[PDB]
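Chains as they are written, first to last, in the entry's author numbering: chain C, 261 to 312; chain e, 4 to 127; chain F, 12 to 50; chain 3, 52 to 101; chain Q, 13 to 147; chain 4, 7 to 215; chain Y, 1 to 125.
All C-beta atoms, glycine included, are put in the ideal place defined by N, C-alpha and C.
Following: one structure in structure tokens, then a few remarks.
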RNA sequence: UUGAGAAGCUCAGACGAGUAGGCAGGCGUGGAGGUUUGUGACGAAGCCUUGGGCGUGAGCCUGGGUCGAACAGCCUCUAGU
RNA sequence: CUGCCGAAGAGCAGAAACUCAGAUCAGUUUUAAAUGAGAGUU
RNA sequence: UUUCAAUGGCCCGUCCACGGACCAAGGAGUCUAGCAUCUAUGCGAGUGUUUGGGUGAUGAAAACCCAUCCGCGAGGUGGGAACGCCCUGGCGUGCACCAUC
RNA sequence: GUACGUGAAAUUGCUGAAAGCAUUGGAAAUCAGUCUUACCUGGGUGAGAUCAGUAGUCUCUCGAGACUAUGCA
């Protein structure tokens with residue numbers, strides 16, 4: 261924790277260094293897609309692989 | 004599905020027969036006056052994408068299976084769930100000690116081996 | 012005594028809700044098509 | 052997963068809550084030689100799974 | 013950098029693209045189609061936006077509910093030429109370290125585009141701003 | 007207790023739960039940040055729960071821990087749970103949401119059961135109003151947009167089911183649905199407002215205060 | 001792993017140094033283990049071979065053979081042992097040489113210098 | 001219904017000459033890092049072969065003969081390719 | 001190696017960006033609208 | 001595979017001419033400095049450790065760290081993406097960008 | 001076998017057979033791989049184990065594996 265610091269607090273053994281910030285917050289995207297937040301407003305899905 | 008091949012002949016290089024210095028691997032004819040590149044009559048064919056085989060039966064040996072090169076016993080155990088879909092092939096550099104162990108294991112697994120009679124003898 | 016997962020209970024409510032309307036637009040669609048065929 | 056060991060088949064299960072303990076990551080159960088019971092065992096141990 | 017996918021090799025931007033591919037096609041929202049399109053854009057096509065711009069753009073008529081989250085598919089940089097930062101709520105690809113500290117300490121909160129999606133999956137009450145492409 | 011509740015050994019975690027009953031049963035005022043720290047330990051006690059049989063006995067144990075708490079800070083205990091669950095809900099992964107869904111279901115019923123218990127000592131409407139006020143500056147707060155809507159859809163789904171379970175025979179007249187009505191009437195997130203009525207199973211039979 | 005930049009790990013230099021080693025250096029390169037008893041009574045693991053040492057061949061086609069080292073052929077790093085020879089086509093017994101590491105010394109030819117070497121190299125005569 | 005290498009799977013329709021020139025994806029060689037619980041004196045590599053197989057192709061796999069000490073797949077790096 | 005696009009003999013060919021059936025066009029024809037095509041731009 | 005049959009089949013490259021007896025091996029857009037665009041990456045009103053100093057007990061030409069400099073940088077109208085509220089459309093907000101005062 | 005590791009092609013001799021670029025097939029020569037032993041069902045005889053209205057040990061976390069006895073319903 262002194263070598264690398266935090267994303268908000270600095271490293272002690274590196275000058276002015278903060279751990280990189282991430283583009284996403286929760287990297288589990290299947291958790292985002294299949295959540296009650298998003299699955300409650302999506303339009304009802306058509307078939308998977310469809311018949312001919 | 005049956006294993007349909009659109010073509011069975013190799014696409015020999017132009018004038019590979021005329022010269023021993025000219026190999027038989029295909030090279031597109033870069034020439035600008037080349038009659039054969041011009042696809043005259045009787046000129047030998049050139050690799051086109053239309054000869055490409057069916058995506059469902061690509062890579063399939065005449066018996067409907069696909070070759071899966073195998074170097075030891077651990078490899079033949081991967082084909083446990085694909086024995087109707089794949090055939091084991093022992094590499095040429097696998098010794099006759101391992102070849103026997105590969106073949107015996109694969110026999111219980113119900114896996115076809117394309118070269119199971121190699122480097123070995125029978126005693127019965 | 013393993014209770015069914017909560018997310019599974021939520022999906023069933025949506026699947027049931029979707030199945031209600033698909034069944035609802037079955038007898039009407041059959042009738043409307045049938046009358047369309049006579050027309 | 053199902054894998055063989057000494058002529059006996061086992062069901063191996065891992066959950067996310069033991070992800071950081073490789074030694075205790077997989078639990079193992081012994082499946083019956085009875086095929087129907089072994090199928091019942093997989094249903095019973097893997098219920099509400101996908 | 014193109015129309016079909018991003019040219020970035022960053023996995024987390026691909027994960028964002030994987031999420032907004034879903035919204036783009038399983039919702040009627042035009043907000044989720046725009047976000048997916050702007051996620052395929054290059055660095056120069058996603059010019060940075062500033063804190064001062066965001067406060068200035070969302071002002072004057074700020075007597076409204078102002079629950080509107082500001083969304084940029086880009087970086088929210090800092091503008092130290094302004095002294096007091098209002099209460100803002102911004103969802104961006106990136107915040108610089110001083111931009112994120114100012115929005116938090118004097119004001120509201122900073123989001124990611126996946127945190128927005130769980131808040132406004134249809135982009136409702138959002139101000140989808142853009143940076144100037146003047147180079 | 008806090009470090010022990012999040013141990014890597016279930017035996018160590020469990021021994022901190024049994025010792026937590028004495029700590030919570032104290033007749034002294036607990037500061038809000040003290041319950042914030044405790045619930046971070048308790049969150050990881052359930053975050054690390056392994057089997058569904060265990061992780062559902064644990065939810066019963068944690069919900070059964072509410073009546074142990076002192077009456078004066080019993081509301082603080084539950085309000086801190088719903089605040090420690092709102093901020094940490096987004097970071098939960100897809101394979102852990104179903105054990106916390108049951109945890110909120112067990113804590114929703116604990117709230118209704120605590121109202122039932124206190125309805126004997128004092129009039130019901132004061133108890134409900136005090137609990138409703140807890141919901142107002144908690145999950146059903148309109149001023150904050152950080153609270154997840156996945157929890158609020160859960161509470162709407164289970165609100166009447168847990169109410170019926172607490173009073174099998176018949177529930178009295180009270181403002182059971184006040185947090186939801188005031189939310190849909192003033193929520194700043196349209197997705198919540200537009201779909202909360204579609205999920206809530208509000209019955210008009212018992213809602214007239 | 002070597003840590004000294006005085007010693008080389010270059011194969012080209014090690015091979016050149018081995019084969020272009022002088023006869024004094026080759027004297028140490030041809031060293032044989034002592035038998036268990038000599039190893040456990042002289043407290044020395046291994047000594048350079050000498051003429052008139054009683055050895056046993058340990059490896060090769062002549063395994064198990066014994067004899068005295070008639071001479072040391074230091075140019076080819078080979079030992080020559082009594083009666084360990086090969087018959088030629090004409091009937092001559094041309095000796096065959098063995099590597100000094102492939103034999104074991106079972107009786108040392110103890111000069112005064114060896115005894116001084118023994119005591120110097122942690123030994124007890 | 002199990003058919004998420006979501007970079008996957010699936011439905012449909014149209015289209016197909018090509019020099020300069022542009023774009024994309026692949027095959028191969030020497031060396032580098034990682035990897036295959038990799039191959040090897042029960043024979044590595046190479047070479048020979050009217051033996052067999054795969055790929056539209058660049059090419060790859062293999063049987064037999066010869067041989068006798070090293071070699072390769074996969075992910076990146078590099079170039080006197 | 002295969003594929004795709006593809007001339008000329010400022011114009012002709014693409015790429016990004018925008019603005020788009022609620023748009024303009026056309027190696028066309030009638031009259032003094034018909035028909036085909038989504039059209040453009042820096 | 002060889003051969004036969006029927007059918008087709010005019011030597012290749014190069015620019016008539018020029019190269020070609022055959023085979024193997026070697027054999028030609030390379031490295032480096034400058035500039036411009038495009039893409040990716042990190043940070044972002046900043047940015048760039050590697051002139052040098054610190055340091056490195058397993059190889060120490062690496063990796064790690066960094067003082068002082070220094071470079072380069074430093075208001076309305078209409079249309080309009082997106083959004084909210086309504087009873088296709090209307091109303092409000094209106095990024096980027098383009099004509100406008 | 002020192003004209004010595006491997007030993008390619010061009011090239012030369014001898015022997016054997018045939019004859020006097022592509023398409024498609026014939027003749028001749030050659031070659032690839034090709035299955036039978038299993039499935040179900042019934043009974044008899046014994047076997048054991050994941051069985052015992054059964055006793056113990058070790059490692060993990062009540063029961064989960066590994067065992068050692070004892071029985072063969």
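- When secondary structure is reduced to three states using DSSP, residue 62 (chain e) falls in the coil class, being assigned neither helix nor strand.
- Judged by beta-carbon spacing, residue 124 (chain Q) lies beyond the 8 Å limit of residue 132 (chain Q), meaning their Cβ atoms are not closer than that value.
- Counted as a single uninterrupted DSSP element, the beta strand (DSSP E) harbouring residue 66 (chain Y) occupies residues 66–73.
- Approximately 17 Å separates the beta-carbon atoms of residue 96 (chain 4) and residue 45 (chain 4); this is outside 8 Å, ruling out the contact.
- Here DSSP, grouped into helix, strand and coil, assigns residue 143 (chain 4) to coil.
- Rounded to whole angstroms, the gap between the alpha carbons of residue 210 (chain 4) and residue 182 (chain 4) is 11 Å.
- Look at residue 17 (chain F): its C-beta is under 8 Å from a C-beta on chain 4.
- Here residue 305 (chain C) is exposed. Its C-beta has fewer than 16 other C-beta atoms within 10 Å.
- With respect to the C-alpha of residue 121 (chain Y), the residue from 14 (chain Y), 39 (chain Y), 12 (chain Y) having the closest C-alpha is 39 (chain Y).
- Between the stretch 90–107 of chain Q and the stretch 11–21 of chain 4, the count of Cβ pairs shorter than 8 Å is below three; the stretches do not touch.
- The beta carbon of residue 44 (chain Q) does not come within 8 Å of any beta carbon belonging to chain 4, so the residue lies off that interface.
- With a 10 Å radius around the Cβ and a threshold of 16 neighbouring Cβ atoms, residue 111 (chain e) comes out exposed.
- In this structure the stretch 186–193 of chain 4 lies against the stretch 142–150 of chain 4, because at least three pairs of beta carbons, one per stretch, are closer than 8 Å.
- Boundaries of the beta strand (DSSP E) harbouring residue 123 (chain Q): 121–123, taken from the DSSP string.
- Rounded to the nearest whole angstrom, the C-alpha separation of residue 95 (chain e) and residue 279 (chain C) is 52 Å.
- Annotation: the stretch 44–127 of chain e contains the following complete segments of the beta strand (DSSP E) (minimum length 3 residues), in chain order: 69–73, 89–93.
- Bounds of the alpha helix (DSSP H) holding residue 28 (chain F) are 17–49.
- Of all residues in the stretch 271–302 of chain C, only 285, 286, 288, 290, 291, 294, 295, 296, 297, 300, 301 come within less than 7 Å of chain 4 when Cβ atoms are compared, listed by chain position.
- Selection 64 (chain 3), 85 (chain 3), 54 (chain 3), 97 (chain 3) evaluated against residue 74 (chain 3) yields 64 (chain 3) as nearest (Cα-Cα).
- Counting the other Cβ atoms within 10 Å of the Cβ of residue 67 (chain 3) gives fewer than 16, which makes it exposed.
- One thing to note: residue 42 (chain F) has its Cβ no nearer than 8 Å to the Cβ of residue 103 (chain 4).
- Residue state for residue 11 (chain 4) is assigned as helix, using DSSP reduced to three classes.
- Around the Cβ of residue 57 (chain e), a 10 Å sphere holds fewer than 16 other Cβ atoms; the residue is exposed.
- For residue 63 (chain 3), the three-state secondary structure derived from DSSP is strand.
- Shown here for residue 9 (chain Y): same chain residues with a beta carbon closer than 8 Å to its own, the five before and five after excluded, namely 2 in chain order.
- DSSP places residue 156 (chain 4) in no beta strand (DSSP E) but in the uninterrupted alpha helix (DSSP H) bounded by 155–172.
- Apart from sequence neighbours up to five positions away, no residue of its chain approaches residue 126 (chain 4) with a beta-carbon distance below 7 Å.
- Pairing residue 100 (chain 4) with residue 312 (chain C) gives a Cβ-Cβ distance that is not under 8 Å.
- Residue 92 (chain 4): member of the alpha helix (DSSP H) spanning 80–94, first to last residue.
- Following the DSSP letters along the chain, one finds residue 304 (chain C) in no beta strand (DSSP E), marked with neither H nor E.
- Rounded to whole angstroms, the gap between the alpha carbons of residue 199 (chain 4) and residue 153 (chain 4) is 14 Å.
- With respect to the C-alpha of residue 273 (chain C), the residue from 286 (chain C), 263 (chain C), 285 (chain C) having the closest C-alpha is 263 (chain C).
- Residue 43 (chain Q) has its alpha-carbon roughly 45 Å from the corresponding atom of residue 71 (chain 4).
- For residue 21 (chain F), the nearest CB of chain C lies under 8 Å from its own CB, placing it at the interface with that chain.
- In terms of beta-carbon proximity, residue 33 (chain F) stays away from the interface with chain 4, with every pair separated by 8 Å or more.
- The C-beta distance from residue 52 (chain Q) to residue 17 (chain Q) rounds to 6 Å, short enough to fall under 8 Å.
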